[PDB]
Amino acid sequence: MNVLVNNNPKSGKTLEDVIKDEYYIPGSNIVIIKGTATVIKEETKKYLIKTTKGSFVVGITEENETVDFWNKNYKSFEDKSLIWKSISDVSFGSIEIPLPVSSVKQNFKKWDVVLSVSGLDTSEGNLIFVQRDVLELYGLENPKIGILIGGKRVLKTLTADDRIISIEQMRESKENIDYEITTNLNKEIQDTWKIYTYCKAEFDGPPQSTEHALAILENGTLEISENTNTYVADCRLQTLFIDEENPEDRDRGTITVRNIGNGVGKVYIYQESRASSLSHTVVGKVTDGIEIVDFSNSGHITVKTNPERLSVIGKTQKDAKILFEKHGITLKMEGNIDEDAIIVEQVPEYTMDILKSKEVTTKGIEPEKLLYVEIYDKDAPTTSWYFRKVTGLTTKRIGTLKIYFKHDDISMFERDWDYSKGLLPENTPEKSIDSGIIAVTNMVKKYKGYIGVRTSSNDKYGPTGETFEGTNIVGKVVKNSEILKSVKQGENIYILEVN
Amino acid sequence: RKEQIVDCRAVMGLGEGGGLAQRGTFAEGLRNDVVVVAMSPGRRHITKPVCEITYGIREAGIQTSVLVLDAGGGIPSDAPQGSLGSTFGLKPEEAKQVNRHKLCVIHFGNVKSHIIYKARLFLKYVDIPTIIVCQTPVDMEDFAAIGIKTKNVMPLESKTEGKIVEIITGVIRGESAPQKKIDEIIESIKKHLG
Amino acid sequence: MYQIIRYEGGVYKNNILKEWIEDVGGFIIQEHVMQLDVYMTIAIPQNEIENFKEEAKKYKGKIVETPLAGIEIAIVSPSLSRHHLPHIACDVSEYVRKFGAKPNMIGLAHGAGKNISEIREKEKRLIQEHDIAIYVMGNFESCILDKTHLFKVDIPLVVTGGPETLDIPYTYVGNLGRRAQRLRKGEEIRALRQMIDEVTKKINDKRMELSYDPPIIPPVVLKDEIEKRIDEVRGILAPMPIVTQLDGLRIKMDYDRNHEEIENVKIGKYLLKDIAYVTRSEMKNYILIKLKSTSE
């Protein structure tokens, strides 16, 4: 009935009822926690005590059989006064110790818990808390049960009068947390059940890495691609480079981006307090609601980022105006000023730089200058991924292509010699290439990775001057044309994916 | 008579019933006077011809280091018509570990043409005087024919920065070295160290 | 919490496994590539043991449980001559290395003889700078019985000797005397395993004693922090540039030129000089670090 929700209790039996108010992008997981178990387990290999002279910490080491005796017979040695504190060390009891008192004497070390049956009389078995390394001195199979270290002074000061009274142990205790992971809504709630819906992310780091993390969390959901006992990672952008080092502690609920190696660009959220790493760039932290990350092993988690991503590249000019004035940021115009002018470039382009500078320079483009392209992702997956990485469409909505070489009908674009690695021949032409086809030369040719397009058709050479076996088609230009013939070398043209 | 402490290697040897040393490993004898260079951790080089020389140097009162080369077998790639079988080489860290010693003792093998180019590549990066211990009699002039610095027979165009200070012949790989060879090595080290 | 084990796999895709270790918070203590296989001593958190085992079986690697890969051992041979050095002492040292420990050969100046034997104070303190000392003695009862004064240190001690049973007031492992062959017979391997068992028991007792009052910072992550801050640690030509001791470290730099740099290292929010005893080492004028506990 009366259940506690987040911090503001609700009641609605079905999840839907309570999660109606709770912000949640559909598709993520639901974490419920039930409660705590608080299992008390104690083995006290190291035993405690409560003598009339204080409390020392004994610790069983030599199994022998004195340990087997102590196991439960230490409770029979409870409330036993110090019998003697002579050259034969401090002794206590003396209780019945049926352990076969083998005359065979043994060597013992300074402060070594010993259950030497004093006088070889079972019932006179003395708890001889050894003080000085006594050599062949006591009988018994082997009086050595453990070693005394903690509270050494206590057993030293301990006088005959003082007893061990409450021979303590270690009250060893543990904790278990119930967790169940869900993603149903029509279920009955019994009483006093706690539900968490989303986590809050606070971003504070270098601008490029933080922008990478924001682009990962632009939709509010974080995919769980890898999970361990210490972190969960997202692999949406695993081949994108960053060069920023932020090597501080990867504490509980820390967000990091791996900046080097096979997994450069992966976004990590840490569920355990770990040491700093040079290969991890911390981009922020998760402030409250960590348990949704803690108890989620796979799927989706709804993430809300405190600093909104201020990158308006796919929007109109009035949208940027109103969104940046609602954040109190001074604005100035550069290119197309029309309220519907499509923004192409913004200076600075990083959210952290914008917030620290409190000014944005927005560049618009003419409606007919924007180039419209369609990318074949199903036909040439690797080539399309490379094209998106090089043109920048993986992060923003408008990509930039730089003219590298030009001759009449051909216009070749610049390449990135960092993403052109697995450019296996993917979509090779079979017939004559038609006009307005974007293509990338594969690893077969010497100029692998160069992109180009031609405004005419030939039956022999691709849009980049290579034969068909050395060219894989990635996409085509759909709507806007007659701007590739009026762009000089080195100038940048801007593209928009229309699928 | 003084204390002698060896910084042992950090890597275990070759299995259970095999050699104790590991390839590409260095064992520092604290005070750096003589380094003994072994080509491989195998039975042809470890404990039969190398650790015997090592205990002779340690018995003479000179602290000893033993370095096992990572790639000590074969001929260098600058041998005529390239290398065959395996490629001999020296790492920069190995050269730096050798170069902090006052003297070097290196154990070579049988073929005369292999030893000269191996010593040339070794002394291209080692600048301390080294003693060559091999089995077949090589003269201390055939090293100068390919451009190796040498105490008695200098070359006109020296292609090495290190000097061969003594050639000792009659030590077979994988066999127990006699006391006379150890005495010759000790006398050479004492005459060319202090 | 940081279990230390040895990984034996191949060099192919080993960098991806190193990245996984770095991602889960593990630290690579020692790395060695022979030809195509790599031996990797890694300290990983205890909650990732099964995940690392699944990762290692993905790359067809091998996990070897090494109980001694957090300590350093002094092996005290009487001399470095042909009698004790080229066999037994290296057999003991390599068997100690097989379970992860970092050994050091201590050759006494006057450790030979029955009544003319003596031990210097400098050699004594060098022995006390280690975590545990192993003495490689001879094969006569009266010789070792008249040689007890060599084993006079406040360090855990295991004495190896020729006779099966000795009446010294120290831990003794028999059937390991002075020999001239490599230890390969069954009795010799059994005696080596026995010595490993005794040193493992002593190390476990000392670990429990240290765990009664833990230090401020574990030595493994302190070594990791020192390698992260000090940039001259990659230029060390020593076998193990930083040796992880039981309750400290041994950094193999010159003490006079580097102690002010080592002490002024900020770990967490603490300076190192207030939390550790940075002192000159007897071994080649190195830097020895002894960690304080949480009581002080």
Residue pairs qualifying under the 7 Å Cβ cut-off, at least six apart or on distinct chains, with the first in region B:7-20 being more than 7 Å from chain C (Cβ to nearest Cβ) and the second being part of a loop (DSSP other than H, G, I, E, B) and not polar (S, T, N, Q), are B:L14/B:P41; B:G19/B:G13; B:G19/B:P41; B:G19/B:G42; B:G19/B:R43; B:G19/B:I46
A:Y23 passes all but one of the listed conditions (1) buried (at least 17 other Cβ atoms within 10 Å of the Cβ); (2) part of a loop (DSSP other than H, G, I, E, B); (3) away from chain C (no Cβ under 14 Å); the exception is number (1)
Q. Any residue at all in region C:112-129 that is under 18 Å from C:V96 (Cα atoms) and touching a helix residue (DSSP H, G or I) at 6+ places or on another chain (Cβ under 8 Å)?
A. no
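Just name the residue that is nearest to A:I83 (Cα to Cα) out of those in region A:34-48 that are among the β-branched types (V, I, T) and more than 14 Å from chain C (Cβ to nearest Cβ). Step through it out loud before you land on a result.
So the first thing to find is which residues in region A:34-48 are among the β-branched types (V, I, T), and the list is A:36, A:38-40, A:44.
The next check asks that each one be more than 14 Å from chain C (Cβ to nearest Cβ); those that pass are A:36, A:38-40.
Details: A:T36: 45, A:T38: 39, A:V39: 38, A:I40: 34 Å.
This residue is A:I40.
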The residue from B:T54, B:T47 that alone is part of a loop (DSSP other than H, G, I, E, B) and at the interface with chain C (Cβ under 10 Å from one of its Cβ atoms) is B:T47
Picked from region A:198-238 (must be surrounded by fewer than 20 Cβ atoms within 10 Å (Cβ to Cβ) and acidic (D, E)), the residue nearest to the chain's Cα centre (by Cα) is A:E226
Whether any residue in region C:84-107 is of a type in the set (D, E), more than 10 Å from chain B (Cβ to nearest Cβ) and surrounded by fewer than 24 Cβ atoms within 10 Å (Cβ to Cβ) is what I want to check. no
Taking region A:34-68 and keeping residues among the charged types (D, E, K, R) and in contact with a strand residue (DSSP E or B) (Cβ under 8 Å, 6 or more places away or on another chain) leaves A:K34, A:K45, A:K46, A:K50, A:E62
By residue number, the members of region B:57-93 that are within 11 Å of chain C (Cβ to nearest Cβ) and of a type in the set (K, R) are B:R58
B:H101 fails exactly one of (1) within 9 Å of chain C (Cβ to nearest Cβ); (2) under 22 Å from B:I186 (Cβ atoms), namely (1)
* Report whether or not C:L222 is under 19 Å from the mean Cα position of the chain (by Cα), more than 14 Å from every other protein chain (Cβ to nearest Cβ), outside any loop (DSSP other than H, G, I, E, B) and of a type in the set (A, V, I, L, M). => no
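Taking B:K96 as the residue in question, decide whether it is under 27 Å from B:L193 (Cα atoms), within 11 Å of chain C (Cβ to nearest Cβ) and part of a loop (DSSP other than H, G, I, E, B). Reasoning before the result, please.
Values: under 27 Å from B:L193 (Cα atoms): yes; within 11 Å of chain C (Cβ to nearest Cβ): yes; part of a loop (DSSP other than H, G, I, E, B): no.
No: the conditions fail for B:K96.
So which residues in region A:163-197 are basic (K, R) and exposed (fewer than 12 other Cβ atoms within 10 Å of the Cβ), if there are any at all? If you could, list the steps in order and put the result at the bottom.
First, the residues of region A:163-197 that are basic (K, R): A:163, A:171, A:174, A:187, A:194.
Once the filter is applied, which keeps residues that are basic (K, R) and exposed (fewer than 12 other Cβ atoms within 10 Å of the Cβ), region A:163-197 yields A:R171, A:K174, A:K187.
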The strands (runs of 3 or more DSSP E) lying entirely within region A:216-304 that contain at least 3 residues which are more than 12 Å from chain C (Cβ to nearest Cβ) are A:221-224, A:280-286
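Table: residues versus (1) of a type in the set (K, R); (2) in a helix (DSSP H, G or I); (3) surrounded by fewer than 22 Cβ atoms within 10 Å (Cβ to Cβ); (4) within 11 Å of chain B (Cβ to nearest Cβ).
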| residue | (1), (2), (3), (4) |
| --- | --- |
| C:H32 | no, no, yes, yes |
| C:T41 | no, no, no, yes |
| C:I44 | no, no, no, no |
| C:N47 | no, yes, yes, no |
| C:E50 | no, yes, yes, no |
| C:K53 | yes, yes, yes, no |
| C:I63 | no, no, yes, no |
| C:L68 | no, no, no, no |
| C:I75 | no, no, no, yes |
Would you confirm whether any residue within region C:9-19 is crowded, with 21+ Cβ neighbours inside 10 Å, among the acidic types (D, E) and either closer than 27 Å to C:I127 by Cα or within 14 Å of chain A (Cβ to nearest Cβ) (or both)?
no
Flagged in region C:227-279 as within 13 Å of chain B (Cβ to nearest Cβ), in a helix (DSSP H, G or I) and buried (at least 17 other Cβ atoms within 10 Å of the Cβ), in numbering order, are none
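Can you tell me which of A:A160, A:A233 is aliphatic (A, V, I, L, M) and under 30 Å from A:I30 (Cβ atoms)? Full working, then the answer.
On the way: A:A160 fails: under 30 Å from A:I30 (Cβ atoms).
Only one candidate qualifies: A:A233.
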Reported set for region B:1-41 where residues are under 26 Å from B:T87 (Cβ atoms), part of a loop (DSSP other than H, G, I, E, B) and under 15 Å from the mean Cα position of the chain (by Cα) is B:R23, B:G24, B:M39, B:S40, B:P41
ask   = Would region A:8-15 turn up any residue that is away from chain C (no Cβ under 14 Å), crowded, with 18+ Cβ neighbours inside 10 Å, part of a helix (DSSP H, G or I) and in contact with a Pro (Cβ under 9 Å, 6 or more places away or on another chain)?
value = no
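No value in this document is a laboratory result; all are computed from the given coordinates. Here Cβ is always computed from backbone atoms with ideal geometry, including for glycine, and neighbour counts include all displayed protein chains.
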